[PDB]
Amino acid sequence: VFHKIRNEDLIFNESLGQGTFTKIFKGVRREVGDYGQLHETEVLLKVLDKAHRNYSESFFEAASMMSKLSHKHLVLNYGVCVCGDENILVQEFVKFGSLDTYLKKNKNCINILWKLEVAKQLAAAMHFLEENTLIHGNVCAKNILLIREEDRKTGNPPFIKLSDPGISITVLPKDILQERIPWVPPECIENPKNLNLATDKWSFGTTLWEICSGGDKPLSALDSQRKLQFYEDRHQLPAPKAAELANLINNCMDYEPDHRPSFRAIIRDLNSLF
Ligand SMILES: Nc1nc(Nc2ccc(S(N)(=O)=O)cc2)nn1C(=O)c1c(F)cccc1F
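Residues numbered from 1 in each chain as written, not as in the entry; some residues may be left out. Heavy atoms only, no water. Residues with missing side-chain atoms left out of burial classes, pairs and counts.

- This deposited entry lists X-ray crystallography as its structure determination method and 2.380 Å as its resolution.

Okay, structure coming up:
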C-alpha cells in the first residue's frame, strides 16, 4: 500500500519532539516531481522507537487509513523509508505546526471567529471520516496542524489539516490511555474495544475545549488515578471563558456514546453562530 523511499533521498534534521513511542524530525526529501524536475522537499520524518518495535503493525496501519482517502483537511503520507533497521514514516511537513502550540503562543490574538473557522474545518474533516466509517481515534489539538495562518491583509481564514492517529489505543498499555483522559472517552477506558465512530465525537468535544481554552490541557492538574475517578463521578469539563461553544462541548462529550450528535448536526450548530 505504501510507496517506498530510499534513505539516500532523506536527510534528517531538527527534532520536532516525540509522539507515543515515536521520535519526530524535520527532514529533507530529494525527489523527481512533475515534469521530471528535481525537488528538495522538506518532509516530516517520524520514527517508531526502536525500543517499541511491537507496535509497528499499528504504527503503519494508522497512517495507511489516512492514505487510502484524500481530503483537503487530511495530512498527506509520502511513503515509508527503506531502512530495514528502522520504521520511518515520510509525511507532509505542515509549516506552522500543531494547533495547541499556536493557541498557547497566540492566546490573546484569537477572537471567536478564528476558533469557529478552525472548529468548522475540523468538523468537516470528521464528517468526511464519518461518511467513510473511518475511526480516527486520537483527535486532539496536538494532532491539528496549521497549514496557513489567518491573513489580515486579505481577510483570509486559517487552514488546518488533521494528522494521522498514531498507534491505536486498542493496543496501547493502560497507563497511556488514562494519561489521555479526557481525550479517550469513558467507554474506551473501561474497554479499549469500545473504540467506535462515537469515540471521535467525544474527542472532538475535548479538542473544542482546547480551542476555547487557549492551549490549556483539560484536567492537566489531575493524575492518572483521578482522571479515572473524574469519569466515575461522571464529571464534565469546566465551561471555557470563551463560553460560546460550551454547550456543544458538553453535547459532544456525552457519557452515552449513542447520544453524541453526528458531525452533520455539529456543523449545523457551528454554522448557527453569528
Ligand atoms: N505533519 C506535521 N507537520 C508538522 N509541522 C511542524 C511541526 C513542528 C513545528 S515547531 N516549530 O516545532 O513548532 C512546526 C511545524 N508537524 N507534523 C506532525 O505530524 C506532528 C504532530 F501531529 C504532532 C507533534 C509533532 C508533529 F510534528
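Structure's up, so let's keep going.
## Describing the layout of surface pockets
If a probe the size of a water molecule is rolled over the atoms, the empty space left behind becomes visible.
Item 1. Quantified by volume, the largest pocket comes out at close to 1,000 Å³.
Item 2. What lines the largest pocket is a set of 48 residues, and nearest its centre among them are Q18, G19, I24, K142 and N143.
Item 3. With 4 residues, the single largest contributor to the lining of the largest pocket is strand β2 (residues 10-19).
Item 4. Taken together, the residues that form the lining of the largest pocket break down as 21 nonpolar, 16 polar and 11 charged.
Item 5. Empty space within the second largest pocket amounts to approximately 280 Å³.
Item 6. Taken together, 16 residues line the second largest pocket, and the ones lying closest to its centre are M65, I135, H136, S168 and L195.
Item 7. Across the lining of the second largest pocket, the residue classes tally to 7 nonpolar, 7 polar and 2 charged.
Item 8. Counting contributing residues per domain, the lining of the second largest pocket is built from domain 1 (1-93) and domain 2 (94-274), each supplying no fewer than three. (1 Å grid on protein atoms, 1.4 Å probe; cavity = no way out; pocket = protein on both sides within 12 Å on 5 of 7 lines; lining within 4 Å. Points joined across faces, edges and corners; volume = space filled by probe spheres on them. Helix = DSSP H or I, 4+ residues; strand = E, 2+ residues; numbered from the N terminus. Nonpolar A, V, L, I, M, F, W, Y, C, P; charged D, E, K, R; others polar. Domains from an automatic or database assignment.)

## Quick look at the side chain of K227
Item 1. Structurally, the position occupied by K227 is in helix α7 (residues 224-232).
Item 2. The buried charged residue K227 lacks any salt bridge partner; its closest oppositely charged side chain belongs to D223, at an N-O distance of 7.5 Å.
Item 3. With residues up to four places along the chain from it excluded, the contact list for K227 reads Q178, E179, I181, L219, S220 and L222. (Buried < 20%, exposed > 50% of the residue type's maximum accessible area, 1.4 Å probe, protein only. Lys, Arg positive; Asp, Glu negative; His and termini not counted. Salt bridge = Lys/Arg side-chain N within 4 Å of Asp/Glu carboxyl O. Contact = heavy atoms within 4.5 Å.)

## Describing the sheet that holds β2
Item 1. Strand order in the open sheet made by the 6 strands is β1-β5-β6-β4-β3-β2, with mixed pairing throughout. A single partner strand is all that each edge strand has here, and the edge strands are β1 (4-5) and β2.
Item 2. Note that strand β5 (residues 77-81) and strand β6 (residues 88-92) share 3 bridges and pair antiparallel. Bridged to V80 within β6 is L89. (Pairing = 2+ DSSP bridges.)

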